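Trainee: Below is the file my_file_26.pdb, which contains PDB, C-alpha atoms.
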```pdb
ATOM      1  CA  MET V   1      12.989   4.833  23.750
ATOM      2  CA  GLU V   2      10.819   3.513  20.892
ATOM      3  CA  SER V   3      13.885   3.431  18.604
ATOM      4  CA  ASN V   4      11.674   2.863  15.536
ATOM      5  CA  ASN V   5      13.598   2.908  12.230
ATOM      6  CA  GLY V   6      14.036   0.939   8.982
ATOM      7  CA  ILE V   7      16.667   0.136   6.333
ATOM      8  CA  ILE V   8      17.340   1.275   2.754
ATOM      9  CA  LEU V   9      17.444  -1.605   0.252
ATOM     10  CA  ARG V  10      16.663  -2.346  -3.397
ATOM     11  CA  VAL V  11      13.140  -2.966  -4.734
ATOM     12  CA  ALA V  12      12.817  -6.437  -6.298
ATOM     13  CA  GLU V  13      10.373  -7.870  -8.864
ATOM     14  CA  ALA V  14      10.232 -10.486 -11.649
ATOM     15  CA  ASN V  15       8.132 -11.020 -14.799
ATOM     16  CA  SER V  16       6.306 -13.720 -12.800
ATOM     17  CA  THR V  17       2.957 -12.711 -11.256
ATOM     18  CA  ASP V  18       4.463 -12.701  -7.727
ATOM     19  CA  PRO V  19       1.084 -11.701  -6.286
ATOM     20  CA  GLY V  20       0.879 -10.139  -2.800
ATOM     21  CA  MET V  21       1.701  -6.407  -2.722
ATOM     22  CA  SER V  22       1.099  -6.229   1.049
ATOM     23  CA  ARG V  23       3.633  -8.979   1.801
ATOM     24  CA  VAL V  24       7.384  -8.239   1.890
ATOM     25  CA  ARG V  25       9.671 -11.254   1.548
ATOM     26  CA  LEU V  26      12.980 -10.497   3.272
ATOM     27  CA  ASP V  27      15.879 -12.536   4.705
ATOM     28  CA  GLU V  28      16.550 -13.201   8.404
ATOM     29  CA  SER V  29      18.977 -10.276   8.577
ATOM     30  CA  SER V  30      16.648  -7.800   6.829
ATOM     31  CA  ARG V  31      13.894  -8.927   9.221
ATOM     32  CA  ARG V  32      16.008  -9.341  12.367
ATOM     33  CA  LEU V  33      18.335  -6.350  11.902
ATOM     34  CA  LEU V  34      15.650  -4.272  13.643
ATOM     35  CA  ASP V  35      12.948  -6.481  15.174
ATOM     36  CA  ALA V  36      10.479  -7.420  12.389
ATOM     37  CA  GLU V  37       8.925 -10.736  13.431
ATOM     38  CA  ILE V  38       6.879 -13.109  11.254
ATOM     39  CA  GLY V  39       3.778 -11.199  10.119
ATOM     40  CA  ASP V  40       4.665  -7.831  11.688
ATOM     41  CA  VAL V  41       3.666  -4.524  10.055
ATOM     42  CA  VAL V  42       6.312  -2.967   7.791
ATOM     43  CA  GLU V  43       6.218   0.456   6.092
ATOM     44  CA  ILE V  44       8.043   1.130   2.793
ATOM     45  CA  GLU V  45       9.173   4.467   1.341
ATOM     46  CA  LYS V  46      11.116   4.872  -1.929
ATOM     47  CA  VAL V  47       9.507   7.899  -3.614
ATOM     48  CA  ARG V  48       6.448   8.068  -1.353
ATOM     49  CA  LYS V  49       5.195   6.344   1.802
ATOM     50  CA  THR V  50       3.666   2.863   1.552
ATOM     51  CA  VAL V  51       2.697   0.052   3.936
ATOM     52  CA  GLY V  52       3.009  -3.746   3.885
ATOM     53  CA  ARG V  53       3.792  -6.781   6.053
ATOM     54  CA  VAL V  54       6.931  -8.838   6.702
ATOM     55  CA  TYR V  55       7.460 -12.208   4.992
ATOM     56  CA  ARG V  56      10.281 -14.770   4.765
ATOM     57  CA  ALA V  57      12.345 -14.653   1.557
ATOM     58  CA  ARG V  58      12.459 -17.988  -0.293
ATOM     59  CA  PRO V  59      16.209 -17.523  -0.517
ATOM     60  CA  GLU V  60      17.181 -16.626   3.052
ATOM     61  CA  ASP V  61      20.491 -15.153   1.801
ATOM     62  CA  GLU V  62      19.786 -13.009  -1.291
ATOM     63  CA  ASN V  63      17.052 -11.043   0.490
ATOM     64  CA  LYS V  64      19.652  -9.373   2.736
ATOM     65  CA  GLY V  65      19.034  -6.018   1.042
ATOM     66  CA  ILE V  66      16.297  -6.487  -1.577
ATOM     67  CA  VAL V  67      12.500  -6.541  -1.209
ATOM     68  CA  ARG V  68      10.331  -8.458  -3.703
ATOM     69  CA  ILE V  69       6.939  -6.769  -4.121
ATOM     70  CA  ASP V  70       4.110  -6.783  -6.675
ATOM     71  CA  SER V  71       3.908  -4.181  -9.464
ATOM     72  CA  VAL V  72       1.145  -2.282  -7.632
ATOM     73  CA  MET V  73       3.259  -1.898  -4.475
ATOM     74  CA  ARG V  74       6.118  -0.561  -6.618
ATOM     75  CA  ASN V  75       3.544   1.643  -8.394
ATOM     76  CA  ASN V  76       2.219   2.832  -5.008
ATOM     77  CA  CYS V  77       5.329   4.962  -4.360
ATOM     78  CA  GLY V  78       6.513   5.593  -7.946
ATOM     79  CA  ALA V  79       9.780   3.613  -7.994
ATOM     80  CA  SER V  80      11.236   1.211 -10.576
ATOM     81  CA  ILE V  81      12.853  -2.211 -10.200
ATOM     82  CA  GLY V  82      16.207  -2.196  -8.433
ATOM     83  CA  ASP V  83      15.591   1.340  -7.122
ATOM     84  CA  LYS V  84      16.391   2.041  -3.454
ATOM     85  CA  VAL V  85      13.556   2.169  -0.899
ATOM     86  CA  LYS V  86      13.624   2.405   2.917
ATOM     87  CA  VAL V  87      11.560  -0.124   4.902
ATOM     88  CA  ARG V  88      10.690   0.762   8.512
ATOM     89  CA  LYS V  89       9.119  -1.809  10.855
ATOM     90  CA  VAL V  90       5.964  -0.794  12.743
ATOM     91  CA  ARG V  91       2.682  -2.201  14.085
ATOM     92  CA  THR V  92      -0.963  -1.910  12.967
ATOM     93  CA  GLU V  93      -3.918  -0.087  14.550
ATOM     94  CA  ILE V  94      -7.629   0.426  13.792
ATOM     95  CA  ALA V  95      -7.916   3.571  11.630
ATOM     96  CA  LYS V  96     -11.045   5.547  12.585
ATOM     97  CA  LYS V  97     -11.383   7.733   9.448
ATOM     98  CA  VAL V  98      -9.663   7.531   6.030
ATOM     99  CA  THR V  99     -10.330   9.463   2.785
ATOM    100  CA  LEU V 100      -9.449   8.340  -0.767
ATOM    101  CA  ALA V 101      -9.877   9.508  -4.382
ATOM    102  CA  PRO V 102     -10.628   7.020  -7.163
ATOM    103  CA  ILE V 103      -8.720   8.125 -10.292
ATOM    104  CA  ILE V 104     -10.895   7.922 -13.430
ATOM    105  CA  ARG V 105     -12.493  10.113 -16.111
ATOM    106  CA  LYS V 106     -15.404   9.716 -18.566
ATOM    107  CA  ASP V 107     -14.565   6.035 -18.123
ATOM    108  CA  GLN V 108     -15.338   6.105 -14.385
ATOM    109  CA  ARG V 109     -17.338   2.956 -13.577
ATOM    110  CA  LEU V 110     -16.331   2.510  -9.922
ATOM    111  CA  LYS V 111     -18.410   5.383  -8.515
ATOM    112  CA  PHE V 112     -21.886   5.238  -6.936
ATOM    113  CA  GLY V 113     -22.106   7.453  -3.835
ATOM    114  CA  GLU V 114     -24.765   6.781  -1.166
ATOM    115  CA  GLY V 115     -23.321   3.827   0.786
ATOM    116  CA  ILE V 116     -20.121   4.012  -1.298
ATOM    117  CA  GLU V 117     -18.220   4.807   1.924
ATOM    118  CA  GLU V 118     -19.408   1.426   3.237
ATOM    119  CA  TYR V 119     -18.657  -0.115  -0.166
ATOM    120  CA  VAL V 120     -15.066   1.120   0.246
ATOM    121  CA  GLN V 121     -14.988  -0.053   3.880
ATOM    122  CA  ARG V 122     -16.364  -3.462   2.875
ATOM    123  CA  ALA V 123     -13.782  -3.918   0.105
ATOM    124  CA  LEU V 124     -10.886  -2.397   2.084
ATOM    125  CA  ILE V 125     -12.079  -3.512   5.539
ATOM    126  CA  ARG V 126      -9.444  -5.121   7.828
ATOM    127  CA  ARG V 127      -6.692  -3.710   5.554
ATOM    128  CA  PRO V 128      -3.524  -1.689   6.206
ATOM    129  CA  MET V 129      -4.050   1.975   5.192
ATOM    130  CA  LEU V 130      -1.501   4.749   4.651
ATOM    131  CA  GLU V 131      -2.510   8.220   3.401
ATOM    132  CA  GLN V 132      -1.077   8.989  -0.063
ATOM    133  CA  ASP V 133      -0.929   5.229  -0.727
ATOM    134  CA  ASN V 134      -2.477   3.765  -3.899
ATOM    135  CA  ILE V 135      -4.573   0.670  -4.677
ATOM    136  CA  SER V 136      -5.701  -1.264  -7.766
ATOM    137  CA  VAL V 137      -8.689  -3.342  -8.945
ATOM    138  CA  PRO V 138      -8.655  -6.966 -10.114
ATOM    139  CA  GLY V 139      -8.444  -7.641 -13.873
ATOM    140  CA  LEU V 140     -11.580  -5.568 -14.571
ATOM    141  CA  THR V 141     -12.318  -2.588 -16.851
ATOM    142  CA  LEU V 142     -14.396  -1.411 -19.821
ATOM    143  CA  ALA V 143     -13.605   0.814 -22.828
ATOM    144  CA  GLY V 144     -10.051   2.140 -23.123
ATOM    145  CA  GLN V 145      -9.994   3.649 -19.611
ATOM    146  CA  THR V 146      -6.880   4.766 -17.695
ATOM    147  CA  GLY V 147      -5.930   5.183 -14.022
ATOM    148  CA  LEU V 148      -9.025   3.569 -12.463
ATOM    149  CA  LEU V 149      -7.219   3.184  -9.114
ATOM    150  CA  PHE V 150      -7.767   4.498  -5.574
ATOM    151  CA  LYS V 151      -5.572   7.355  -4.309
ATOM    152  CA  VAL V 152      -5.653   7.810  -0.509
ATOM    153  CA  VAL V 153      -4.780  11.322   0.702
ATOM    154  CA  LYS V 154      -6.004  11.617   4.316
ATOM    155  CA  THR V 155      -6.086   9.151   7.219
ATOM    156  CA  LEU V 156      -6.776   9.639  10.935
ATOM    157  CA  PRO V 157      -3.933   7.526  12.353
ATOM    158  CA  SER V 158      -0.443   9.072  12.658
ATOM    159  CA  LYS V 159       0.255   8.364   8.971
ATOM    160  CA  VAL V 160       1.348   4.900  10.141
ATOM    161  CA  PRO V 161       0.145   1.576   8.771
ATOM    162  CA  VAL V 162      -3.335   0.952  10.197
ATOM    163  CA  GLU V 163      -5.899  -1.765   9.562
ATOM    164  CA  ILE V 164      -9.395  -0.720   8.500
ATOM    165  CA  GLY V 165     -12.366  -2.260  10.318
ATOM    166  CA  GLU V 166     -16.146  -2.268   9.876
ATOM    167  CA  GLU V 167     -16.200   0.624  12.380
ATOM    168  CA  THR V 168     -13.565   2.743  10.586
ATOM    169  CA  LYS V 169     -14.934   5.859   8.842
ATOM    170  CA  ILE V 170     -14.284   6.471   5.135
ATOM    171  CA  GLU V 171     -14.576   9.376   2.699
ATOM    172  CA  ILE V 172     -14.891   9.313  -1.099
ATOM    173  CA  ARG V 173     -14.367  12.566  -3.027
ATOM    174  CA  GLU V 174     -15.723  13.280  -6.527
ATOM    175  CA  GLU V 175     -12.486  14.779  -7.900
ATOM    176  CA  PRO V 176     -11.026  12.427 -10.503
ATOM    177  CA  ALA V 177      -7.474  12.607 -11.851
ATOM    178  CA  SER V 178      -7.807  16.314 -12.700
ATOM    179  CA  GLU V 179      -4.394  18.030 -12.812
ATOM    180  CA  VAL V 180      -3.021  14.749 -11.409
ATOM    181  CA  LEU V 181      -0.505  12.635 -13.370
ATOM    182  CA  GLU V 182       1.517  10.250 -11.165
ATOM    183  CA  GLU V 183       4.640   8.876 -12.894
ATOM    184  CA  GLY V 184       3.974   5.482 -14.520
ATOM    185  CA  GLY V 185       3.612   5.406 -18.323
TER     186      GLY V 185
END
```
Would you write out, as structure tokens, the structure that this file holds?
Mentor:
Amino acid sequence: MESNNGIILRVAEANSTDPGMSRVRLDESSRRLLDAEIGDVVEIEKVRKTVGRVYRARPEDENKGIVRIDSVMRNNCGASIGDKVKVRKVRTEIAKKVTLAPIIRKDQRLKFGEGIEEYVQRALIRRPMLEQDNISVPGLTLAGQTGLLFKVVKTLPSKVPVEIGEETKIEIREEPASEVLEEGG
């Protein structure tokens, strides 16, 4: 009935900034082989599950089996360039409750508590969320810190790409990257 599936292709990326980790540029066949329409919701899964949206490849002929994403999107699952990831097309929904875990240590500057759940909702509001996903912060930092990224582990939706809204509920835990070392350096 629903017939919801995706395709396995090769992760793409270039030294250029190529900003936009939530946008997937694909060719007409990669988009139309299933149903993906302009600006539909696409999920990606190479090593782990990730979310994103469909875009048109500049070269509507080379993107017939490669997806160009930003470094963070590639870092979200744990894959390298040219690896093989599976992209499944889906739609978005309003997540009602999502929990995440900022990874830092003695260099943790992005923690406040009290209203932090709103601070996360405000920053991540109206955004696609997928448990076990990962996020990053603009070019900001302090001493020699490491990690300093958000690690989502629990969402209310069916583990499908959902969009956060001002009404969505959030949870921030106080457990940093203890016993946690995701591949990447």
Trainee: Restricting the calculation to all atoms listed in the file: of V:159, V:23, V:173, V:46, which residue gets closest to residue V:69?
Mentor: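 Among the listed residues, V:23 lies closest to residue V:69.
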Trainee: I want to know what sits within 10 Å of residue V:154, based on all atoms listed in the file, with residues of the same chain fewer than 5 positions away left out; could you give that as a list in words?
Mentor: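 The residues that qualify are residues 97, 98, 99, 100, 101, 129, 130, 131, 132, 133, 159, 170 and 171 of chain V.
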Trainee: So what do you get for atom CA of residue V:85 versus atom CA of residue V:47, distance-wise?
Mentor: 7.5 Å
Trainee: Restricting the calculation to all atoms listed in the file: of V:88, V:49, V:31, V:109, which residue gets closest to residue V:4?
Mentor: V:88
Trainee: Hey, which of V:66, V:95, V:172, V:51 ends up closest to residue V:115? Count all atoms listed in the file.
Mentor: V:172
Trainee: Quick one: which residues end up in the PyMOL selection byres ((chain V and resi 176) around 7) for this structure, as a PyMOL selection string?
Mentor: chain V and resi 101-105+174-175+177-178
Trainee: Would you write out, as CSV, a table of all residues in stretch 19-120 of chain V that have an atom no more than 7 Å from an atom of stretch 162-165 of chain V, listing for each the closest atom pair and the distance in Å to one decimal, considering all atoms listed in the file and ordering rows by chain and rising residue number?
Mentor:
```
residue,atom,partner,partner_atom,distance
V:92,CA,V:162,CA,4.6
V:93,CA,V:162,CA,4.5
V:94,CA,V:163,CA,5.1
V:95,CA,V:162,CA,5.5
```
Trainee: With C-alpha atoms retained, could you export that selection as a JSON list (two decimals), in the coordinates of the input?
Mentor:
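What follows is the written file result18.json:
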```json
[["chain", "number", "residue", "atom", "x", "y", "z"],
["V", 92, "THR", "CA", -0.96, -1.91, 12.97],
["V", 93, "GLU", "CA", -3.92, -0.09, 14.55],
["V", 94, "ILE", "CA", -7.63, 0.43, 13.79],
["V", 95, "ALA", "CA", -7.92, 3.57, 11.63]]
```
Trainee: With all atoms listed in the file as the atoms that count, which of V:33, V:40, V:122, V:11 lies nearest to residue V:77?
Mentor: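 That would be V:11, the residue with the smallest distance to residue V:77.
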Trainee: With distances taken over all atoms listed in the file, which residue among V:30, V:158, V:76, V:50 lies nearest residue V:64?
Mentor: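 For residue V:64, the nearest of the given residues is V:30.
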Trainee: Find, counting all atoms listed in the file, the residue in V:161, V:167, V:114, V:56 that gets nearest to residue V:32.
Mentor: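 Among the listed residues, V:56 lies closest to residue V:32.
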